[PDB]
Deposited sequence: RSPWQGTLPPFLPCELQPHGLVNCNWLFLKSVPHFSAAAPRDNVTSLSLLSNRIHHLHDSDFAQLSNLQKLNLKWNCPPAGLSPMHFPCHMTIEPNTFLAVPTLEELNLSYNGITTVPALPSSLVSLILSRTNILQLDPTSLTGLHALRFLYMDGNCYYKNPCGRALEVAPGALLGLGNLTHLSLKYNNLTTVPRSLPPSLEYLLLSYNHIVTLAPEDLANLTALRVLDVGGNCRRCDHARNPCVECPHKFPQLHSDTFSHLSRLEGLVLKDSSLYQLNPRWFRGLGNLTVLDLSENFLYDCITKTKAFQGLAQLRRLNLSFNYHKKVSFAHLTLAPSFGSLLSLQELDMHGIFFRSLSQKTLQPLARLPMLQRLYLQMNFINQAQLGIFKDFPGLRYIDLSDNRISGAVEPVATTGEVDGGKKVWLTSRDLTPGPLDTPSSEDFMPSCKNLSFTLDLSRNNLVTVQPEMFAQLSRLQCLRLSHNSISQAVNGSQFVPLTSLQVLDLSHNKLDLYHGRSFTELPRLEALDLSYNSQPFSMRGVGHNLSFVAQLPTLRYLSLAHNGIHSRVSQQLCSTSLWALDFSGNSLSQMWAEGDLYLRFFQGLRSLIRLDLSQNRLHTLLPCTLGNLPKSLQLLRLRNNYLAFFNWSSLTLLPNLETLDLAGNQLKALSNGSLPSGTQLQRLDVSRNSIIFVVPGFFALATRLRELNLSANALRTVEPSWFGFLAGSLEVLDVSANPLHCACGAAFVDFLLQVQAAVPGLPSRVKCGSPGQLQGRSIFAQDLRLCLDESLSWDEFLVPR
């Protein structure tokens, strides 16, 4: 029988998802559907312009309703089409259980009547230009009001949004208010004392005083950034902050003892008034980005009081048209004993020395340090030795060049104890000297440099704890036999996109160093265009995973018997990616020379038009096989052979016209199968023997199915619907006539 909520899709935790179905009105759903197991209803980005009383009446246990992007104002319409949305006055009253509503990106000019149950209301990017107490009548349970972007460059109005004095006082539970991008010039008078988060960024509130935040002693977060902007850093349309502005009175934040988060970004500040931070001893996050505090951070004592502060953002506090030769942080940074995260990216300074970060050197909790995009050309990396609790340094996108004068295939550094990112720098060789005091390092990123060195075993000698080394997007010449052997703990090495040496026609290269890395588990030689004149075998007893994608095994395996055993010496290998290797053909003899230990084999985006399925028995441990993106015209020439351990099979984006009967039958372990984007005109239960019920995923979307009245496929997909993703909307007909390009349920086939 049918999916219960056609054309929408029943998802977990009682969600009915009608997203992106181009609906003109809300679907009703027959009484046969369990409309009370329905706890949430999503109608994102349809084209419903008219909302009725009956539309939600029958969904009597509905808690969440998303109606976003259905009727976008002209400025947000991708083609500037106007749209007004009519709501019948009992539309939402008929859902007395409603808790969260999203009416954002919809042309409405007044708030509709809403049930008292409502805990959350989002009215952002609407055309509502006024809020007064009649707007939000009887919403005493309401805790969240979000109404950003009702008057700005993308949704203009010609005036300020008008929140009348005391308009929201009726809302006794209101903790979260947001009114960003509304062209406000003053804070709204008399907001509920219950407010905990108040967000007024990207308005034009140029003056503040303690009157402007009267009675808001519950505030835990206050965002007032972007009201007086520096447009030299603006990516969007921007009005430059007037001269003699902004004016923030000293004691503006004095009565906010509970304040945890203060955002003052992009406020054109040349000087921090320390009186701003008096009485803010409970402050944990302070954002001062995109201001002009480049001098003030070498001098100020305004941080002295902030004992509990954890995150400090000083990024893009850069002087117009200049980078500094030197930057020395203030002594008062040394009293931030709680500090975990410091962002100094985009200040622009040329030198990083002991003096630069001296005050931070004895802070016990300092873990993450962002110094990227600073045009730094000299860096004494040895300063980080004495930092007690450091876990992460981002020094990427700098001009440092030396010492001073898919998680299956490559693991991330996220859970390691000490990571240095030096990517997007100007190293052309690696000097041991620059790492002299970094023997604690577990992860080093040096990608997107200009390293064009024949590494030999002498470059990374100090790094005796290093487990991950990323050298992707460089020009390494792999030639000497002992490259990387100075790293006793190396488990993951990325040498991808170092293609240029391998392009050098008539000059060969040496991969025999892989045998000399006894602890290595992960290796990417991906996107190197390896095609000729290389070692005939990779040899390693430790290696579990090898990305060899983006090379030309094609040309290698065409070259007599030289490279037929290339991957055979990888005795423990469990994952191999041979994708985009230009393979037009495979011998069964080539596949059997891959390691017996293999569990995962990718051959994506090759040019294979034929695959001898019987040779899968030569890889007895194979659980996953990816042939996506090849040119198979059929699943045939044998079946999946007996006793095969295969669980995941992807033959998507081929040109498969048919499947032989009983093709999958002997693959009893098969759980996930992707037949998407092929030329299948039908889906038969006879492909699966009659053991298809074990399948957890069967993707048959984007296939030119023959939707002839009474077709055998229709019935089959309903018997295994739990396993077919997107069945209600995305499995479509290629024929006949007017059904082409429309869902299989666009007319009843039975």
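Comparing the deposited sequence with the modelled residues, the stretches lacking C-alpha coordinates are 1 to 6, 412 to 441, 787 to 802.
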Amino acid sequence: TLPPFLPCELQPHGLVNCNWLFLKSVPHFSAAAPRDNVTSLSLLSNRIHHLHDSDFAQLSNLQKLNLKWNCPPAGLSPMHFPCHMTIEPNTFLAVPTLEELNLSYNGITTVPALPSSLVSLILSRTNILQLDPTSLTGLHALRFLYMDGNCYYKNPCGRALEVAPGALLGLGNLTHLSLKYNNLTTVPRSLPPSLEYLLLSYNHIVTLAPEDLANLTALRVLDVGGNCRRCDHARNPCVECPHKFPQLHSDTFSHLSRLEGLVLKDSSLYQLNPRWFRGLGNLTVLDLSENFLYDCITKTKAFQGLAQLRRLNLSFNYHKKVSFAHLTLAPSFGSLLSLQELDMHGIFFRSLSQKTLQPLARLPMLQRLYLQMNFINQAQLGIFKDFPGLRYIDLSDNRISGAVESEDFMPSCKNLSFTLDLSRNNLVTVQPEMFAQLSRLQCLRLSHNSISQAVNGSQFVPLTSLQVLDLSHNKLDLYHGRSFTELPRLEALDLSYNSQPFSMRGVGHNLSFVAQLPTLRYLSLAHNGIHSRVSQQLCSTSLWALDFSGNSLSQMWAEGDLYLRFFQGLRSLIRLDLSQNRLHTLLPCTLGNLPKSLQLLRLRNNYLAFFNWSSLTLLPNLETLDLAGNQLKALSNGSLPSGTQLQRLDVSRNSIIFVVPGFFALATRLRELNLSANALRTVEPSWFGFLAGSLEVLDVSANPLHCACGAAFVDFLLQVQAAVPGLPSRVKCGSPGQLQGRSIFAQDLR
From here on, numbers count along this sequence of modelled residues.
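Each form is matched to the other, and the largest set of C-alpha atoms that superpose within 1.5 Å is called the rigid core.
For the pair 495 to 503 and 291 to 299, greater average C-alpha departure from the shown form in 5 other deposited structures of this protein after core alignment is found in 495 to 503. Once the structures in 5 other deposited structures of this protein are superposed via the core, the pair 423 to 431 and 324 to 332 is resolved in favour of 324 to 332 as the more displaced stretch (C-alpha RMS). Note: missing coordinates for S412 occur in none of the other compared entries bracketing this position, so the one-third threshold is not reached.
When 587 to 595 is weighed against 514 to 522, 587 to 595 comes out higher, by mean CA B-factor as recorded in the entry. Taking the PDB entry as given, 89 to 97 carries the higher mean Cα B factor of the two stretches 222 to 230 and 89 to 97.
Taking the PDB entry at face value, the top CA B factor among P462, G529, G560, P274 belongs to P274.
Residues shown: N182, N313, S250, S351. Highest C-alpha temperature factor in the entry: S250. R671 sits in the middle third of its chain by CA B factor, as recorded in the PDB entry. For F418, the recorded CA B-factor ranks within the lowest third of the chain. Only modelled residues enter the ranking. When the modelled residues of the chain are ordered by C-alpha B-factor, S60 sits in the highest third.
Among the modelled residues of its chain, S45 has a C-alpha B-factor that falls in the middle third according to the deposited record.
Among all modelled residues in this chain, the alpha-carbon of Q467 has a temperature factor (C-alpha) in the lowest third.
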